[PDB]
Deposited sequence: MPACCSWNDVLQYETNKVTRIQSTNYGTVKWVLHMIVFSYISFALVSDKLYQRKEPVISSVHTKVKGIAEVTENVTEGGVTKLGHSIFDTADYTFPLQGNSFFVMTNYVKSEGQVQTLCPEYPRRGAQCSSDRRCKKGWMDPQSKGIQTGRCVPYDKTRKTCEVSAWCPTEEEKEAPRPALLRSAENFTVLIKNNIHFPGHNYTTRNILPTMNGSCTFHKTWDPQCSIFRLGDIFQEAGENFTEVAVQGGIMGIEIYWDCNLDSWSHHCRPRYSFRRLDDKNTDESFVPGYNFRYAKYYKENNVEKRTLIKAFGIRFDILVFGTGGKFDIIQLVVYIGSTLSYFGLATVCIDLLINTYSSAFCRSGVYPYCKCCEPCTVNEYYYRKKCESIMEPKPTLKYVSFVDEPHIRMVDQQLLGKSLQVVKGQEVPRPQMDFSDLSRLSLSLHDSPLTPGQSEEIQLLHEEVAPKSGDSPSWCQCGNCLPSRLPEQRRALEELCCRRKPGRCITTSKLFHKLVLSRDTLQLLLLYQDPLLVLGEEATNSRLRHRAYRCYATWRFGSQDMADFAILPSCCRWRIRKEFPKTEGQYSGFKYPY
């Protein structure tokens, strides 16, 4: 089957010389192409995209003076050795110095007072307390008494954060941010600090958007926050570094975009401790006693959130995108074929054109549909075609007769490409077995009148022995047969001559049923000496 495989199958097409459909087809082609090109370029769908790998190094600069005598805060005093994605700047603080692990009364709170030891419970762990009770109601001061606890003593008082913030001059502090980013898939590395950047720059949204030295108060202004107010209880501020990087040589750009967003929830419910603070202890020994200064530090935690993508041209990405948009170029074909199949219907003239006469020249689709689509029937064993000489159409009786004569069984109308049922006076009763008799109980005409076998052309197109012999010799020029063999060939050829004449197409002539008058006239002209006639047999 080497020749069976080496074959090419091409579609048969009808090329229409129509300027309307040629223009519509090309207009739809540009619309699809314009959107496909726009989607590819705007979304960089030809690029293989990769998340960024970031490293952040921060350096805070600034000195603070706190009036309380005067204490100095440099970077070692309000910051911590961490210089990565997060750094903390202390803006407020409460101190409780000289704490010793011993027994002491609780600080008087909203419910920390007691009047008897029955109120205190030994081993109890008050969620708002920093010690474990011993069940003793010792005196805190002269006025009131509080339950004794095991804790660092004296316990930290429920003192609010100072207002204004002790280190609110941190607004004028600056942080330098060094961001190293990398794309391991594309093997590309860059940093946020350009060689042109000087140390005297400060970030501005419009004047210096690439300087990575930020004033803290400027950061808060750009986020819509008030540094002075947030400094009292603290908060979390997000410094977002966005990297939209194009690594293609012809459109190369890998630069950061700086934005600022508060990550603290200012509407935090009071039970969740709004703001940002933590407690840390400075441990020291004094008089052979382990002492501790406890500091509740308020301030801003700055989170450096670095995100972004690096794209570079990928051939496989482009191939996948192009293949995923190739089917959209069939839109013009779908639309115009729908127009052809829809405007070729008979309800167009019946119930559309009289209303709207602007659509009148769309009758050309009836011609287009004729040249495009050919309808065929499934050749089932019960497929029958009936033509009546007194009718302009052809009936298709595709159902089983079930003993009803074919004359009375009406079928679907199809355009042409002595017995009780007889209406011409020439038909004869079927000589088939009684089960199949209803097939041959067909007349040449539906309504009474002249028989078709009495027409001039019936003797010329069907019964002429010379013409049938000429057709037989056209099939086989050197043909010698006996009378019995010749009669059978002439009889079967006369059936086809009637079927072709009255039904036109061989598709319908194959399942055409001869009327009884015509069938028996043919059988009289070319008789069968011995045996009975088979009748119509299913061609498949």
Q. For this chain, which runs of the deposited sequence have no C-alpha coordinates, given in order from the N-terminus?
A. 1-5, 74-83, 433-472
